[PDB]
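Residue-level structural notes
Chain by chain, the residues:
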Amino acid sequence: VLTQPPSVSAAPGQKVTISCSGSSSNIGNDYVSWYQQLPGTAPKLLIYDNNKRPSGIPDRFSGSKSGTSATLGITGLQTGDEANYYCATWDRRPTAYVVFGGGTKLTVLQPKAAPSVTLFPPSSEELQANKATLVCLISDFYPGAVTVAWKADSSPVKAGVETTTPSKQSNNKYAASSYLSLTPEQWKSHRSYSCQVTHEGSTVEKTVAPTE
Amino acid sequence: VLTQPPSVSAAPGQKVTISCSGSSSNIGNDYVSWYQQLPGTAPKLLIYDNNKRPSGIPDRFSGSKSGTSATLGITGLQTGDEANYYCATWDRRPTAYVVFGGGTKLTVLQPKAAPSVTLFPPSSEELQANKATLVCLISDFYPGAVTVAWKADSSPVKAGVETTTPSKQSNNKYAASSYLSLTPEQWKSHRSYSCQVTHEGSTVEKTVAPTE
Amino acid sequence: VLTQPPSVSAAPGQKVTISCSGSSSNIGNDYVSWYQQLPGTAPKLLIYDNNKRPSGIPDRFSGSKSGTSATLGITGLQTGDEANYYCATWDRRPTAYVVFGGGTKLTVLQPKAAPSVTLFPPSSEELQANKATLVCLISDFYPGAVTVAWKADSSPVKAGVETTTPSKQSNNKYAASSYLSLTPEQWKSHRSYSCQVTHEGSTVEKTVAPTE
Amino acid sequence: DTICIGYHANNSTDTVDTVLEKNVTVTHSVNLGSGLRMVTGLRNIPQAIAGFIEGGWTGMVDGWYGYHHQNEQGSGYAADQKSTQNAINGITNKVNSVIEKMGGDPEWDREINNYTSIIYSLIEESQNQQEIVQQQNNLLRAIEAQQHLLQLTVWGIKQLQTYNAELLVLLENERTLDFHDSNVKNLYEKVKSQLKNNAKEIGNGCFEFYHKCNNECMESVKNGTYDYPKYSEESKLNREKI
Amino acid sequence: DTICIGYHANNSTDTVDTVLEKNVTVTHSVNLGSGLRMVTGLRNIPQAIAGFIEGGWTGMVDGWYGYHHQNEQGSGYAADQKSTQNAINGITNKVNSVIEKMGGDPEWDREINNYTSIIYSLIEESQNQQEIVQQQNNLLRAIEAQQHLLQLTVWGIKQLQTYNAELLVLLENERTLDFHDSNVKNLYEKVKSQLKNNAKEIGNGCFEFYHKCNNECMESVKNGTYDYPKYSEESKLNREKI
Amino acid sequence: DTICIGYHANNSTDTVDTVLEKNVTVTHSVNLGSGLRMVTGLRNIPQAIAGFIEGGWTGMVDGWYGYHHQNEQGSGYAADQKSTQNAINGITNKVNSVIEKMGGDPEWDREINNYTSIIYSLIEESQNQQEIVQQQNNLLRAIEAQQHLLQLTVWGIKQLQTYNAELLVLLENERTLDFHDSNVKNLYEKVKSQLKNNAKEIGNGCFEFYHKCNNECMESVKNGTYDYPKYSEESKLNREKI
Amino acid sequence: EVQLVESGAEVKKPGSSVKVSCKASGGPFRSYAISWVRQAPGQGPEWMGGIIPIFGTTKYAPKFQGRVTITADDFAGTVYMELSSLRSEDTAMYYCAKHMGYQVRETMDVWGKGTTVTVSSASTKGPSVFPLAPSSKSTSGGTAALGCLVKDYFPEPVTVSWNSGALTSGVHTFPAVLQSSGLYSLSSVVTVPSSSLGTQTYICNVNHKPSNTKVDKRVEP
Amino acid sequence: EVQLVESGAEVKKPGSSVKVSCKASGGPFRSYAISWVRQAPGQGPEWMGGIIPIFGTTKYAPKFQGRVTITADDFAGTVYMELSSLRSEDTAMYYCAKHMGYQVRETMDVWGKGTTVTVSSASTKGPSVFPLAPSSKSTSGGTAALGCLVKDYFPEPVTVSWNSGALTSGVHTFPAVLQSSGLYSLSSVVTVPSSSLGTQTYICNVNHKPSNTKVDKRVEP
Amino acid sequence: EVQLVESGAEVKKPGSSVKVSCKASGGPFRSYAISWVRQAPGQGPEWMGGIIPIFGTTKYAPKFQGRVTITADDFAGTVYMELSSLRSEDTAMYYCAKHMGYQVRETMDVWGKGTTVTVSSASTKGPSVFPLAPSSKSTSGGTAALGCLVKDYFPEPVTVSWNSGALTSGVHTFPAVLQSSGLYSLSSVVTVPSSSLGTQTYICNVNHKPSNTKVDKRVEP
């Protein structure tokens, strides 16, 4: 497997490089391709043969290979370039096969949007069906990376938690959901629960109590 | 022409050989074929190339050639094998032509059937038309070889006689007819005529007189 | 250009030759063809390759070439042979091109027919339209060569005259027309005009006066 | 002593056409019916007893492919019966298919004409009963005219099959002419194989023996039982004698 | 040290037909639908590492056209990827046209059968309402029969297209088989060109180097960057050494 | 002094297709109407005055087949007018037949369209008078639809003749290209015949005289009146001089 | 396997000619030779001649060499044999037979069924039908024999049935004889009980299609 | 044999161009050359140029070399001759003629019939019809001549009949003359007896289709 | 350029098999190789294998080498990928991608859009719909949020609209979550003013076609 940086960052007009470290058997003696993947799209060919561009690809992207390492460079950076970037080559060594890099999430360094947080308690029909689901919904934040932490009264609870990966909305910000699955008894057992969202060194927290 | 035995004989299960004597120009240096012919049928190929069998021919038949002579052999003899057998080859000597053997009538040595004999005198309408025909009809005899002799009163008559070759009937016995053509005057001139059939050292004789 | 005799003459059954003088560049080293042209017809091929005949051409015609000169010969001469005869060859010298001879009018030496001459004065409707045309019409003459001369009173006039070339009629004689274009004043100015036809050393002359 | 491989030529003036070549004179042809002539025999090319390189043996009448020997006992042409008959067997089955395959033209036809048959009978109906009513006049007139348009159209199949017929012949004539050239060469190779160096290649389709080969020796070469070691030596000195 | 130009052979028993030749075994073929088989690969002819004069390399699996080297470092088969793919690219586009071109048979058809469709629906009209009047009887009978005459006739196009289909295949099979023979020879010439007299022509599709040519030297011959002056001399003495 | 046999080449970029070969550049072609192009001229192959083995003489403009001489008096190209015109005469009559033979397509057609003509006139009848009665409605509708099925069907003949047209061209293009190759070789043989050993064969389509042959001598070789005994001796010493 | 079909029986005069055909199934072109083999009664077969496919070469037995002509219509898949200058001993059954290869030899594997050719100086004549009455010289206590005499007809064949088709079991029709006049004659007998004799009515129905005569004749004591 | 058909007569102005065609029968492709040969009145023929089949090579007489263009439509079996920069002396009869081989030479075996080209500075004008009255200066005891003068028309031809077609025997229509004005004029005379003169009525019917004028004019003493 | 279309989403059990197809536009025969590349969430792509045109040779990644089979239907212009012995981590998006030449290599220029394969031990179950009531903990002076909880369904997808299609502006439907039970759950929220709350009536319309259930549920304080 080829080693990519997990992530790299820059602003509009600015420049950034994504590295790909391999070995003698792959990168060392084969050609390197680069691919771009937006959310919800198939990988699209950016570079092939170390530095060639397919038609449709502008001179803002370019590639280089040196020995066991290869590099993607992106100048004049734009908003649409925010995607995941994978390198690719031929690994002759094992049984011959095409290998991809782990991937690099590029972040075009937008106005920071503080997240808005909504918390619903279990519906009464759900408790009537012997189940209990707390729903914490987070929307309109940028950049799109948040951590979620739950609280039983005051002390954290880690069991029963399901959180999604943040996904970019229609309006180019990000969204995320978090569900805490409890028993109706655990639900009525406590005084209140809290959903705690931490985005860019800031903290938002909403609270709910068993219909008071 | 190739020389065959006129006839050869044996019983069911038993064996028999039919010989074919030729010369150096035919049998001496060419291949020999054998053919079987039932009554009323085309010759059917039994052996070719001295000893080969066409498909459909069982191993009960077989052939051999030695110098100027060739031989057909038939074991496990059956009733259906009763036929005429001809040998055949290529005679290069004259102008090149295919030559057949005289033929051998095979007789599978059946219950001897004594012949039944019927004699009709001239019909009155035939005498009225100024002709006279005696008709001697012989049926259901085996083996199928009979001689026929006519008698004027007591002394034989050889003029005016027409006899058929014996032919196998539907029921696997043989039949034959014999006609004596006379003038109505010769017919009324004598006291009676006799038809005399001789089959296997036995004698049957019927008699007729000018409507008495 | 090749030099032919302007004209050559002979009688029925008699013989005649038409010569064609050229130079070293044309006739001297190329093949010569001959063509016959009746009035109102396309040239028809008579001889090619110095002396060959196309099918359809009889042995009454024949050709010869000697050095820089070539010759057409016509024996057993007939009435239908009266035509124009042109020789033809390849002139390599200039830029290579096919050249024809000036042409020879053959005359089969027919009963001389003295010409009949009719003269009309200007019609009154023509004078009324301020024009005046005298018309001298000559028909049924042989051979077909006439000269025409006009007369003002007694002295000749050469201005205003238009004469046609003589053309062979339907009945195998020749015809010709001659028109004198005057002003109505010139017409009434004189006492009479005369049209004078001269055919084979003979003279015919008709006269007209301004409606007297 | 010398043996030659050759083939048959005769007084045939029959010409067929392949694709690349026209008016090719063959010894044996066959006339289908529509100007179509399929070659069965081979190129008719009649010529010191030469081989097959520049020669079709007119003196050879017993078959298509065969040998012309010459030894002490004498000389003469002799056709290879096996080879000739395999050629004839194969070509026959092919020529037949052509006659047999084109027999789909009628099989399918038998219907369009039991149907053509039914229609002009149905048309003679209406002609005899026609002795509102003239709405049926131009009605029948419309159908009779459609019957002609129908026959012209069916005949379009005859027209367009003409050309099926024409190409199949030209092509099968080449597969055939090639097929002969094959069998001929194969016979030469089969002989060249046995003889090896016991015989000299003249290059004209004939082999010059280095050892005297009598009639029996010739038959052995013909029926593929030539004993190379038997004459090996006497050819061997003979090659070095010279 | 020696290099050979050759091609691919395999365990294919696929046979197609050209025009002059039938039952020709090819390595790669393609089955259209009506007994039509187009060759894609090449003549299947499996055989001291010989070249291409009498040999299809079964041991060569990486492509159609390529080289088999032998030097100090070792030996082995190697397919020319460029050559093989140009052949495959060209043949593919051709085979497709055949599938694509014959696609005029249906395009045009789509109409005769939306129309056939409309008629036997119009015929079922008259069958259900027919439950003067029998003038309409043999009237309908006349049309239904004309519908069969019509379909037989349309089917005549199927019959007469059979043969379109059959010849196109035989012909494209030759243009193809020829096309391979071309590319193969071109590769040999491209190599013969570079080597010049630095290598001996064996005449079997192989070149015997007069100088030792290592794996790198071989690649240089493959990718067309053979340095003739570099080895010129050492071949030159070697030619005169003997 | 040397004489060469050769042929014509020019700035033509015209390409036709045979069967085994496509996009073949010819000097003279002819454009039928349906993408069909028949070769009339010959393969366009423009090149020490070489012969015809690897050369089409662009410098030869007076015809198709001819000679290029070189003696004391000078050198130059000269077309054989007889040969060239026989080729042109034969090919013309062929090309014409193609135009003339395909003229059965219309002759037969003239009828299906005086009949097509009569029907849609008969159809416009019923459309104008139709302004029991609607039994005549779907009656007419049935026939108009059968008119389309009829035209599609007739057009099937156009479709199926396309392919008549396409193969005839490819095939006649080979008979033609072959025909040229024939005439060219024949001219060389006719010259090789006269010269015999008075001239050396270079093998490039040219003959090197062993004796000086002036312009007159050349014409004698051209018009087939070469006097072998006349120069026999002087060639004979010259062969042994060396 | 191949089936060989031959044309119908022929009757000819001495000095005249006859042409027989044979059609081979499949084909029509053949990849084997075909010969014509004849058999006179009651003798051994005689090979007459043959024809080679494609070459069309013919070889003939020297006995017939001169008046036999073997031709082939390959498209018709049909060969022909024409024998001229007919003699009475040319009366025989004639078979077409195919060989295994293109070469005429002693091996003929498939045979036509044979067609009859009769050569005689006579013409076509209807027969006369006479009754062969039962009587007492034919009553061997139990059964009794009676029949019909079909005299002086030409040529073969003749059709004899009893009671318009009813009587079959116990009916024998003897093969004809050939007199010196060139004319045929046969007998047909039916075997029936003694008791039904006078009570039962028996009629023979003779049919000789060549001369278009149908005769029915009663037979009574 | 081959028939050569040429396009219709042409009338052109000086400085303008004209293009004539010739269609060869059979073909359409030709295996021989074709040349264009012209004839002015009343002179010898002049060869202008020709075209070779297949090669399409053209050679032109040096006199026309420069303003003549010979093209061929081989599929149409048609060749063309285009002569530009017309002068009045370009007025002539123009013939297409085929040669024996592909090479232009003095031998032209088949000829087109010729078509006329007229080059003049004038335009198309209908004629005027005047009577040429009989009178006494035209009565040579027995017969008497009368006719019509068709003056100042362009271009040729003109049609003159008598009594709407009745009078034919004894009618002569003279060939036209060409004046210096570029205009034509002709005469048509009918020969008739002296006695019918005043009794009989005679009318000429002139027809000049190019300008679409039909004139009928009576002729009386 | 070439368009690569892949078959529909698949749901399979562990141990079972799945066969996906890809159809290349144009062709149908291809002059380039095609590979199958898979992507599990949310990871980097993995090359699985490929197939060469004409040769039909296959190469497979060693990780899948053994339970993947790549076949081609050249006439159908269609290739296939069959992965057996499915495990839960075989849940991924699978892409077909063409190469530039016939040789499988790192360069894939055109990609299919991907189809989803889900491998789970569960079955197909309709969801339960719960209301996420507005309340006062959701009124930040001005607007107010309300929605629906679609619980425990399988498989994806599910369709959530508001007021039968009327409400659109200000409606967010969150991407699902995948619980440990192998079942999905999502939320859909609509943002609306505080004042209309009790007055206005809001209904969500959930549609889960795989199990054929349509649920409509009102949401009220």
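With that out of the way, let us pick up the relation of the copies chain E and chain D. Superposing chain E onto chain D takes a rotation of 120° plus a shift of 0.0 Å along the axis, which leaves an RMSD of 0.0 Å. Expressed as an axis order, the relation between the two copies is that of a three-fold axis.

Listed per partner, the contact involves 21 residues of chain E and 29 residues of chain D. Carbon and sulfur atoms make up 67% of the surface buried where chain E meets chain D, a total of about 2300 Å² over both sides. Joining chain E to chain D, the criterion identifies zero salt bridges. There are four residue pairs in polar contact connecting chain E and chain D.

Now for the interface of chain A and chain I. The partner chain I presents 46 residues to the 41 residues of chain A that form the contact. For the chain A and chain I pair, buried surface summed over both sides reaches about 3400 Å², with 65% attributable to carbon and sulfur atoms. The largest contributions to the chain A side of the interface with chain I come from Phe100, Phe120 and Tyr179 of chain A, which together make up 17% of the buried area. Linking chain A to chain I there are three salt bridges. The salt bridge involving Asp49 of chain A is made with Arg105 of chain I; its shortest N-O contact spans 3.4 Å. Here chain A is connected to chain I by 13 residue pairs in polar contact. No other element matches strand β11 (residues 132–141) of chain A, which puts five residues into the side of chain A that touches chain I. Taken together, the residues of the side of chain A that touches chain I break down into 20 nonpolar, 16 polar and five charged.

With that settled, consider the domain arrangement of chain A. Residues and elements named next belong to chain A. Taken domain by domain, chain A holds domain 1 (1–125) and domain 2 (126–196). Computed over C-alpha atoms, the centres of domain 1 and domain 2 are 32 Å apart. At the interface, 19 residues of domain 1 touch 22 residues of domain 2. With both chains or domains summed, domain 1 and domain 2 bury close to 1600 Å², and 55% of this area falls on carbon and sulfur atoms. Joining domain 1 to domain 2, the criterion identifies twelve residue pairs in polar contact. Contributions of two or more residues to the side of domain 1 that touches domain 2 are made by β9 (104–108), β10 (116–120) and α1 (124–127). Broken down by element, the side of domain 1 that touches domain 2 gets its largest block of residues, five residues, from β10. For the side of domain 1 that touches domain 2, a count of residues per class yields ten nonpolar, five polar and four charged.

Once that is clear, we can look at the pairing of strand β5 (residues 46–51) of chain I. Residue and element names in this part refer to chain I. In terms of burial, β5 is a largely internal element, five of the six residues being buried. For strand β4 (residues 34–39) and β5, the ladder comprises five bridges, and the chain directions are antiparallel. Its bridge partner lying in β5, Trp36 is registered against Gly49. The hairpin turn running from β5 into strand β6 (residues 58–60), its antiparallel successor, is six residues long, and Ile54 in that turn takes a positive phi close to 65°.

What follows deals with the state of the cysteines. The full count for this structure, using the stated rule, is 18 disulfides over all chains. Disulfide pairing places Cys20 of chain C opposite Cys87 of chain C at an S-S distance of 2.0 Å. Between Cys20 of chain C and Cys87 of chain C the sulfur-sulfur dihedral comes to about 60°; the bridge is accordingly right-handed. Of this pair, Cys20 of chain C sits in strand β2 (residues 16–21) while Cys87 of chain C sits in strand β7 (residues 84–91), and the two are 67 residues apart along the sequence. Overall, the relative accessible area of 0% leaves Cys20 of chain C in the buried class. You can call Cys87 of chain C buried: its relative accessible area is 0%. Here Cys148 of chain G engages in a disulfide with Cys204 of chain G; their sulfurs sit 2.0 Å apart. Taking the sign of the S-S torsion, -75° for the link of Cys148 of chain G and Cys204 of chain G, the bridge is left-handed. In this pair, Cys148 of chain G sits in strand β14 (residues 143–153) while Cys204 of chain G sits in strand β19 (residues 203–208), placing the two residues 56 residues apart along the sequence. Along chain D, the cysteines that take part in disulfide bonds pair up as 1-2, 3-4, counted in sequence order.

This brings us to the sheet that holds strand β8 (residues 199–201) of chain D. Residues and elements named next belong to chain D. Here five strands make up an open sheet; going across it, the order is β7-β6-β1-β9-β8 and the pairing antiparallel. Two strands lie at the open edges of the sheet, namely β7 (75–79) and β8, each paired on one side alone. Strand-to-strand twist of the sheet, defined as the mean angle between neighbouring strand axes without regard to direction, takes the value 20°. Pairing between strand β1 (residues 2–7) and strand β6 (residues 65–70): six bridges, direction antiparallel. Across the sheet, the residue bridging to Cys4 is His68, located in β6. Along the sheet, helix α3 (residues 137–195) makes contact with β1, β6, β8 and β9 (206–209), crossing β6 at roughly 40°. Together, β1, β6, β7 and β9 form the strand contacts of helix α4 (residues 215–222), whose direction differs from that of β6 by roughly 155°.

Here is what the cut-offs are and how they apply
Residues numbered from 1 in each chain as written, not as in the entry; some residues may be left out. Chains lettered and ligands numbered in written order. Heavy atoms only, no water. Least-squares fit on C-alpha atoms. Contact = heavy atoms within 4.5 Å. Buried area = accessible area lost by both parts, 1.4 Å probe. Salt bridge = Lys/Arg side-chain N within 4 Å of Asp/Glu carboxyl O. Polar contact = N/O pair within 3.5 Å; in protein donor to acceptor, adjacent residues only side chain to side chain. Helix = DSSP H or I, 4+ residues; strand = E, 2+ residues; numbered from the N terminus. Nonpolar A, V, L, I, M, F, W, Y, C, P; charged D, E, K, R; others polar. Domains from an automatic or database assignment. Buried < 20%, exposed > 50% of the residue type's maximum accessible area, 1.4 Å probe, protein only. Pairing = 2+ DSSP bridges. Disulfide = S-S within 2.5 Å. Axes fitted to C-alpha atoms, helices over the stretch in contact; angles between N-to-C directions.

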